[PDB]
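All remarks here apply to the structure that follows.
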Amino acid sequence: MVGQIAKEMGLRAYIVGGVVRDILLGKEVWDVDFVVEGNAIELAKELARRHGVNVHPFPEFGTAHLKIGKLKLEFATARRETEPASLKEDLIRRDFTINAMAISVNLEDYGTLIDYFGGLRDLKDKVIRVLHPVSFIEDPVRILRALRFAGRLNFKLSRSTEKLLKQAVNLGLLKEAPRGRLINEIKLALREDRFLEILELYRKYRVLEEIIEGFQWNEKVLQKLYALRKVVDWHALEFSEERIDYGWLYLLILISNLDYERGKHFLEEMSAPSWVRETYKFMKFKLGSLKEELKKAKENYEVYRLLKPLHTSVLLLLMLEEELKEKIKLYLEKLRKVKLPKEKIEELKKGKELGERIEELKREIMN
RNA sequence: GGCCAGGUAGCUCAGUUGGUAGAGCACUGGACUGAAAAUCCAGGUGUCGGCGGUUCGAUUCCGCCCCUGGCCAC
Ligand SMILES: Nc1ccn([C@@H]2O[C@H](COP(=O)(O)OP(=O)(O)OP(=O)(O)O)[C@@H](O)[C@H]2O)c(=O)n1
């Protein structure tokens, strides 16, 4: 209905950005970004009015948001910078060629993909390429983004883009960039399933050294990351109903050798979940003694007592040890699964003493 | 949209190793009164946001959502 309203208003609207990319990548999303020549606000208001839904105008930004079903629609007036601006000017201010394309929703040309910079080719050639040499200097945050994209889509940086990125990092522009944008970029990164490769790119171009203070790369951490990769694979395979956020575990592995102050401060800046902070504070101190206790474990009930109160993250961190692996697994798919019939429990019940007795019965069954 | 709190009676507020819930003023009833209030005995003072899951058992552990306030990314 967008093309119709755009025709009535004598306007030109286009689908724009990553939304197009995901479309060309076959990935359907519920968030659509529009660029409108002419007023986007009135377009959004009219579209929201016809479908009879609420509208959220932003006059100063020149954009408007409206939700139809599960579809989240954003209309944005064309602008040459972050006189009426052409679509091309609105596209050229963006980051990479694959994010620089557009698809026309106007009824006459409808279905047409508009690519000025050859983003279609780079998408076809699996290439992450900047629109202009000054791109990374304009927005240093993009330094992460590229890598992140190169992580997700398994693309490669062009020689140009790569040299420009290295030059950008060497200038220390990563420190000059706003802390919030970078931290948010990392938060976006860890949510990726391919985020490990993104970390490989972070190590390769050494951006984490700039972002995180006191952080350095070694082999033990990397091997820990790949071991954690395997553990995450298995856990998300068999136990997949129990899944949690995995990237935070990698993030914990990275900052493990860091001081507790810088770690707590970083997790503070990252707005990490509570279980993440707890798992970290537990890892830095009590984890060692916990492992030493698991080594002294003989009966299965001791393993129970030492494990069951812990979160899943702590267990997945305990699976990093070769000797404790099969033990953790044994606790997972077997040990903690059991029950009791009616009459027996009725005899068990005849306060906290009921719980103690039940514990005695469990340790009676195990061993 | 991300996160941090906050969600406890009508209102204003505390509560951790999961194990049988609390204060200050309104609420009912009776004793009291010509009526009423005060006051005494007392006792409602609550599925401690909503829905699932784990657990013998969840205000607590976790997950998905509702609401309010604040940091932001917008
Ligand atoms: N410094 C920046 C940041 C963003 N952009 C452009 O603005 C858009 C911001 O939308 P975003 O959601 O960040 O990009 P997506 O490809 O949609 O990524 P995702 O779908 O993962 O959100 C991007 O497409 C990018 O082309 C840019 O030109 N310069």
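Counting begins at 1 with the first residue displayed.
So this one's X-ray crystallography, 3.4 Å, going by the header.
The backbone N, Cα and C atoms fix where each Cβ goes, and this holds for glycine too.
Summarising the annotation, Swiss-Prot assigns ATP binding site to A:18-21, A:94-95, A:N99, A:139-148, A:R152, A:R181. What Swiss-Prot lists as Mg(2+) binding site is A:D31, A:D33.
Everything Swiss-Prot records as a feature, shown here on the structure.
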{"residue": "A:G18", "record": "ATP binding site", "contacts (Cβ under 8 Å, 6+ apart)": "A:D33, A:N99"}
{"residue": "A:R21", "record": "ATP binding site", "contacts (Cβ under 8 Å, 6+ apart)": "A:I98, A:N99, A:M101, A:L123"}
{"residue": "A:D31", "record": "Mg(2+) binding site", "contacts (Cβ under 8 Å, 6+ apart)": "A:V19, A:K72, A:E74"}
{"residue": "A:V141", "record": "ATP binding site", "contacts (Cβ under 8 Å, 6+ apart)": "A:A177, A:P178, A:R181, A:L182, A:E185"}
{"residue": "A:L144", "record": "ATP binding site", "contacts (Cβ under 8 Å, 6+ apart)": "A:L182, A:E185, A:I186, A:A189, A:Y202, A:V207"}
{"residue": "A:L147", "record": "ATP binding site", "contacts (Cβ under 8 Å, 6+ apart)": "A:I198, A:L201, A:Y202, A:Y205, A:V207"}
Filtered binding-site residues, from A:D33, A:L147, A:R181, whose Cβ is under 6 Å from an atom of ligand 1: none
Unmodelled segment of 10 residues: Cα separation of flanking A:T82 and A:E83 in Å: 15
Endpoint distance, Cα to Cα in Å, for the 4-residue gap that opens after A:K350 and closes at A:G351: 12
Local Cβ density at A:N99 (ATP binding site) - other Cβ atoms counted within 10 Å: 20
For A:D31 (Mg(2+) binding site): DSSP state (helix, strand, coil): strand
Local backbone state of A:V141 (ATP binding site), from DSSP in three classes: coil
